[PDB]
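# How does the following fold in three dimensions:
(chains A and B)
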Amino acid sequence: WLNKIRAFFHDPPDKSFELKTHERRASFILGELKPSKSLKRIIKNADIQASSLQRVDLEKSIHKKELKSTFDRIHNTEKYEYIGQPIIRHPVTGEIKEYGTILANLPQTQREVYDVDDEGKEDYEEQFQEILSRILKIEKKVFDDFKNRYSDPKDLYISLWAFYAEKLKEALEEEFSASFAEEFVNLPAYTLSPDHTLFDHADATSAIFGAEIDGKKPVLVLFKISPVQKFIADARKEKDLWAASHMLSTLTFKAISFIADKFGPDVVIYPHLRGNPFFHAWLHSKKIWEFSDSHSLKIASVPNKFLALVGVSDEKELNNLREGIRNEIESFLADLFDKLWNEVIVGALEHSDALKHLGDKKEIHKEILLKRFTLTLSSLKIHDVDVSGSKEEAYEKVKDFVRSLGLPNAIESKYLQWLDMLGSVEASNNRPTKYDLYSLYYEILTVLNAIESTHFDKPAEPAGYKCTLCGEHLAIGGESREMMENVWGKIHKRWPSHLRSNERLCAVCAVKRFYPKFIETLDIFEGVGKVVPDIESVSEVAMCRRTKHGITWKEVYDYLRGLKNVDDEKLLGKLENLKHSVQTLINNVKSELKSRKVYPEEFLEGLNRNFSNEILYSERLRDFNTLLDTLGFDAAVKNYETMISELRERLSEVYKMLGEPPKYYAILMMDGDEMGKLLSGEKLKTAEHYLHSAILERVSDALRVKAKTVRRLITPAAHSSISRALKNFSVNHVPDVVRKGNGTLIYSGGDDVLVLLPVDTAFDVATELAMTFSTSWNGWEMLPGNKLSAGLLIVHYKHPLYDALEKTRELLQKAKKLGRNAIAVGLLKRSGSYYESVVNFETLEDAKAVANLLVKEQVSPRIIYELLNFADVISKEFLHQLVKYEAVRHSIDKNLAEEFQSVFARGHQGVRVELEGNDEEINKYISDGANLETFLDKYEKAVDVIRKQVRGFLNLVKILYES
Amino acid sequence: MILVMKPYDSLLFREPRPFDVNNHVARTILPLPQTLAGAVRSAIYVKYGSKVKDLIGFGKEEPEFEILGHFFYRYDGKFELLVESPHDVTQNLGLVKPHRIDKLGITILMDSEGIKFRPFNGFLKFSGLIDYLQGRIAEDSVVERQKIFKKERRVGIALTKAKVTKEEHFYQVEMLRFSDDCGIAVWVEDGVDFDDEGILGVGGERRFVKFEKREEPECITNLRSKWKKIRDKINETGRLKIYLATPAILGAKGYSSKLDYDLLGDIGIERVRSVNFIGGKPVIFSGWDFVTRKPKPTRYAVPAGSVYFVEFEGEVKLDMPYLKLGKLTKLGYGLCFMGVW
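Residues are numbered from 1 along each chain as shown, chains lettered A, B, ... in the order given. Now the structure:
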């Protein structure tokens, strides 16, 4: 661990200030733990090999002098050549961010060059010296505090890795300013190639050194747990969905935590564990930090697959790692199963003949549960390539190794171009390194992993009665109908708040259902805070939509449940009437239910705040039997009949003002747009977008030409930077954006988002997120700056959850297939009409403009139906004139008709058509931009595309006009 | 012999989801071989009474008469037979072969035009099956799924006494609407006694067909004739390919996809150098035993169209262009053609 610490602190944090005393400053900061000579050499080799794809910049072409771009101008003009002040480029988009605050606080001088034998620079030198000394003092203070806090090398290293950046930022905020600290914590590791911060390079160096220590060969490992989508798909209530997501997240986190504990937290590239709420929870459970975010721990953040780079000695170590991962996961699941069995199965049931008959079937059920999931650990061993001899000889040898494998033409060509550009640097130390092939090693791993996910290897079960949820696993007692029926009735009677009488569960479904009752008792989440959310029915989300007065029905129901107060007092007497009616109905039901003592008394006692929000719906209160069923308790009372009449009259006044409780909601699932393509390098730009400012000018013509064309590949530091950006988007931005939209976030893992929203604010949020995923620099915080594909569904609260999830997944897949970078909006009413359309994100604005025009009654809402009728006989030659005539005829004239026509033209332009044949070419142009008009002009069909474009644009206009 | 089974209307081979009072929805899947096997067994048993109980295998999980497999068919100018599209064919109708790079110690199964590919959904004409087994997939030998059948949806409601909707009496189902002149065809071993014409009720919801017994077509005889050439080519190359035409239960005690070499040894292969299995999602299925009137044990089966790439030392000694695999073979499972890769 001490070696790990030295490797991590191999560079000074202010390395970009004055490179002359970099090593001395780093040694002073390290102090007593300063590395020895051999350790210094090893760490130097690792740092050289870390991001070597851009660490070979020794192009002393301008007057045969090496370039430099540090903040200091005292560097000798003979050996060194000054180029400017450091900046930062985005690791993907290459967006450039300046350094205004630090330059402003920097020693103010007018001499651009301040050579060692120059004039008017002594004051500048003094200011530089004092600034550097103060910064070094702050860094030393922070590091010394961390060293004093912890004693064990491992724990100290872990705590440093977790919180050194934040502690230093907090200390340096008071140094000059908060902006000074914010700009300072993001200094690039190397000024020549500033595609990442210093800390990312430091982490990559630490990981590489850890892998290479003691002669252990490096090897990449990708771990994936499948199947997934089916597991989430089968659910009934929102609590089941949350439980499934949390279960998968904890299952992945078990393996991730085991790997981190075995070697170190930095060995995991993606997901970026730094700042993950589960990571903070594990730190708290490790008795290292007191951090525990209860609200954050609710969300499922850990994705379902993880990548790591570890050093090993032999394949036996790989087998031992597989065994350890499997043992950890299986032990966790087994203890969960035992908790459910002892707490629930033996709880409600007794020593009756059912338990004796069950007996050994518990073993079969447990084995069924344990073997349900498949874990794949695909490992690709790194292959050291001989780079000894001349630089040209080493480059030739590595190229031969690349070509010897045998690969399709495109991959070989792109990697050979990358290798040639890398070797183009004119120096005696341009010998390539193994990690320059990193981008290859990763990609070949991924494909391999997919194959290793095919095999199932499931157990065998006897005949019996299945489970109503899955339908493929034998329930707990299925050999005979009577035992199934009586045991499930008994367990339902014991816990009426979890399942109904007509419900038979397999082991998996039972564990999933009772997960909310076991999670707070789990060793990981104990002492952290609230884990489960409060929303138990999606009708709550439907009622979360803003009303006309602004008092959404969630607050109104909250007062009835006795959980929250109500700000408005216009219908306070109505609130008392509803509360009295609810209390009287609950008390009357409590007398009858307790009379037979069928349901547990605890449920009846908690029914004061556990009354379902469906009672707030007027239609559910048609009859006493309907109200009893809505409450949940099975019907199988003249006074209660009068009570229902009084409650219905009381609720009538409330519904007359704030309206009926909305019964519709939106499900939104967003996925990344095939990040594998960008990781392979098929989406990256040329290396010119990743130089410092204009270094291509101060270099040889051949190197400039090569860097002008060859697309940059990916180094481990760049990969860590991308992963941290993804973490920043997923953790620090999505929950806040959703809370702005008054929605509910279920599972936000990496680039996957799943949310349930009120219909009133969905299309706005779906737009805003699409912007956040495309921003490259949100202030001083990085963001992915990529594209994503969305799927949105609007449904009433009656359809089954499984069908809704399946339909939403299908919509997302269709949007992805049609060309990505789009959203497949879809409305399904209770009747059965399913209006779907795939559109770009900008077209939502055109639809919003048209809907606002219609709601304001500036244009009559009758043009829509005429246009829909005329769509099937509409061509390009007629459509503009027909639309203009119809807008003139069916509006109040003025500029409103022209504005409506223009907005309609734009909206119809922005629609993804789904024809037969060469739809890939047309859809790509449609997502491209203005090329859609030109390509469609020369298109073969050129008519059916228009016929479908207008029909799609009218469909979601109809959807939006509803709300 | 084959049994051309033209359906009168849509059919429903229900998924294993329970038809609970609250869970009143249903979905159809592609027809499993065991359903057709049960239908034929019942059709023979009922006509000839209890005297044929042994032949039908009453009570037992397997009969005595042999059912090879089931293909789809259509009447596009000629009686054409179609099988499932193998998973090794790309959308560009390009084959996929392993390219194991021993330098890096990997066995990547990347295609010939990249390391990423998606399987071609559709059906392969039985006429082109020989060419596919020889690795010469044509361009007109495949058709898509939607040209044969499209799924349709239906709703149903049980009325109360007079005219209103009875409580808990709503359901919605989904069935297979075969196109015109496009039905199923069951392949039965020769020598089993069966009536010529008539009707047969296959699948749930009591739907029937117009089954008619016919002799084998020319395609199967051509494949059988060229099997010797295929076999000697495989022996020369040493790289044998196995393609599955029906789901298989190849797993040992405890279902699994690990193709055990013991079954392979019976075909004449001495030493199996390597096995490269490409497939898809497993198929979970369980039937409804009539004798006990109870659901059968659940079984996981390798999906149809999975391909096994095997390099072997020795000689294939089979005189037939196909080989049975796994258990429940008589019902029509585990039908696998063998070709050269």
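
# all helices of chain B, in order?
B:33-47, B:53-56, B:129-133, B:218-237, B:261-265 (DSSP state H).

# Turn those into a markdown table, columns for distance to chain A and mean neighbour count.
Heads up, the C-betas are built off the backbone N, CA and C, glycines and all. Converted to a markdown table, these look like this (distance: least, CB to the nearest CB, whole Å; neighbours: other CB atoms under 10 Å in any protein chain shown):
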| stretch | distance to chain A | mean neighbour count |
| --- | --- | --- |
| helix B:33-47 | 14 | 19 |
| helix B:53-56 | 20 | 15 |
| helix B:129-133 | 21 | 22 |
| helix B:218-237 | 19 | 15 |
| helix B:261-265 | 16 | 15 |
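
# closest one to residue B:140 among those?
Residue B:140 lies closest to helix B:129-133 among the helices of chain B, at 10.8 Å (CB to CB).

# who's in contact with that closest one?
Helix B:129-133 has contacts (CB atoms under 8 Å, 6 or more residues apart in numbering or on different chains) with B:83, B:86, B:89, B:124, B:137-138, B:141, B:219, B:222-223, B:226, B:230, B:241, B:243, B:321, B:337-340.

# got it, and stretch A:136-153?
Here stretch A:136-153 has contacts from A:1-2, A:5, A:9, A:12-14, A:25, A:28-31, A:33, A:156, A:159-160, A:163-164, A:167-168, A:171-172, A:175, A:288, using CB under 8 Å, 6+ apart.

# Filter these down to just the ones in helices.
A:2, A:5, A:25, A:28-30, A:156, A:159-160, A:163-164, A:167-168, A:171-172.

# Skip the chain neighbours and tell me the closest residue to residue A:473.
Nearest residue to residue A:473, sequence neighbours excluded (CB to CB, 6 or more residues apart in numbering or on different chains): residue A:506, at 3.5 Å.

# Please tell me I have it right and the one you found contacts residue A:475.
Yes: Residue A:506 lies in contact with residue A:475 (CB atoms under 8 Å); the separation is 5.5 Å.

# who touches both of those two?
With CB under 8 Å, 6+ apart applied, the overlap between the contact sets of residue A:506 and residue A:475 consists of A:466, A:467.

# ok, and for stretch A:401-421, which residues are buried?
Within stretch A:401-421, the residues scored as buried using 16 or more other CB atoms under 10 Å in any protein chain shown are A:401, A:402, A:405, A:407, A:411, A:412, A:414, A:415, A:418, A:419, A:421.

# if I look at the last one, how far off is residue A:386?
Note on residue A:421: its distance to residue A:386, by CB to CB, to the nearest Å, is 21 Å.

# same question, the second one
Distance of residue A:402 to residue A:386, given as CB to CB: 13 Å.

# Relative to the centre of chain B, find the outermost residue for me.
residue B:162 (46.9 Å; CA atoms, centre = their mean).

# measure that residue to residue A:715 for me?
Applying CB to CB, the value for residue B:162 to residue A:715 is 77 Å.

# same check, this time on residue B:2
Residue B:2 sits at a distance of 61 Å from residue A:715 (criterion: CB to CB).

# of the two, who's got more company?
In this comparison of residue B:2 against residue A:715, neighbours counted by other CB atoms under 10 Å in any protein chain shown, the higher total goes to residue A:715 at 27 against 21.

# Wait, the more buried one touches residue A:91, no?
No: the pair residue A:715 / residue A:91 is not scored as a contact, 9.7 Å apart, by CB under 8 Å.

# Looking at the contacts of helix B:129-133, which are in strands?
Secondary structure defined by DSSP state E assigns B:83, B:124, B:241, B:243, B:337, B:338, B:339, B:340 of the contacts of helix B:129-133 to strands.

# which of the residues in the lengthiest strand in chain B are buried?
With residue count as the measure and DSSP E as the assignment, chain B has strand B:165-178 as its longest strand. Judged by neighbour count (16+ other CB under 10 Å), strand B:165-178 contains these buried residues: B:173, B:174, B:175, B:176, B:178.

# And those, which is closest to residue B:307?
Checking the buried residues of strand B:165-178 against residue B:307 with CB to CB, the nearest one is residue B:176 at 25.8 Å.

# can I assume the closest one is in contact with residue B:27?
No: using CB under 8 Å as the test, residue B:176 is too far from residue B:27 to be in contact (10.6 Å).

# hey, what's in contact with both of these two?
Common neighbours of residue B:176 and residue B:27 (criterion: CB under 8 Å, 6+ apart): none identified.

# Now name the helix or strand holding residue A:745.
strand A:744-749 (DSSP states H and E).

# next structured bit after that strand?
Reading on from strand A:744-749 to the C-terminus, the next helix or strand found by DSSP H and E is strand A:752-758.

# For the longest strand of chain B, list the C-alpha coordinates in PDB.
Below are the C-alpha coordinates for strand B:165-178, written out as PDB (Å, rounded to 0.1, in the frame of the first residue of the first chain):
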ATOM      1  CA  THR B 165     -70.000  -7.300 -17.900                       C
ATOM      2  CA  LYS B 166     -69.500 -10.000 -15.300                       C
ATOM      3  CA  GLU B 167     -66.900  -9.200 -12.600                       C
ATOM      4  CA  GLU B 168     -63.400 -10.500 -13.200                       C
ATOM      5  CA  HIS B 169     -64.400 -11.700 -16.700                       C
ATOM      6  CA  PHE B 170     -62.100  -9.800 -19.100                       C
ATOM      7  CA  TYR B 171     -59.200 -11.200 -21.000                       C
ATOM      8  CA  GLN B 172     -56.900 -10.500 -24.000                       C
ATOM      9  CA  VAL B 173     -55.000 -13.000 -26.100                       C
ATOM     10  CA  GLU B 174     -52.600 -13.000 -29.000                       C
ATOM     11  CA  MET B 175     -52.500 -15.700 -31.700                       C
ATOM     12  CA  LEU B 176     -50.600 -16.600 -34.900                       C
ATOM     13  CA  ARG B 177     -52.400 -15.700 -38.200                       C
ATOM     14  CA  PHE B 178     -50.700 -17.800 -40.900                       C
END
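
# Throw the helices of chain B into TSV and include distance to residue A:382, thanks.
Compiled in TSV, the helices of chain B are given as follows (distance: least, CB to CB, whole Å):
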stretch	distance to residue A:382
helix B:33-47	47
helix B:53-56	61
helix B:129-133	39
helix B:218-237	34
helix B:261-265	32
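
# Tell me which of the ones you listed lies nearest to residue A:101.
Comparing these against residue A:101 with CB to CB, the closest turns out to be helix B:129-133 (67.2 Å).

# Need the three-state assignment for residue A:317.
Following DSSP: H, G, I helix; E, B strand; the rest coil, we place residue A:317 in the helix state.

# dump the residue contacts of it.
Neighbour list for residue A:317: empty [criterion: CB under 8 Å, 6+ apart].
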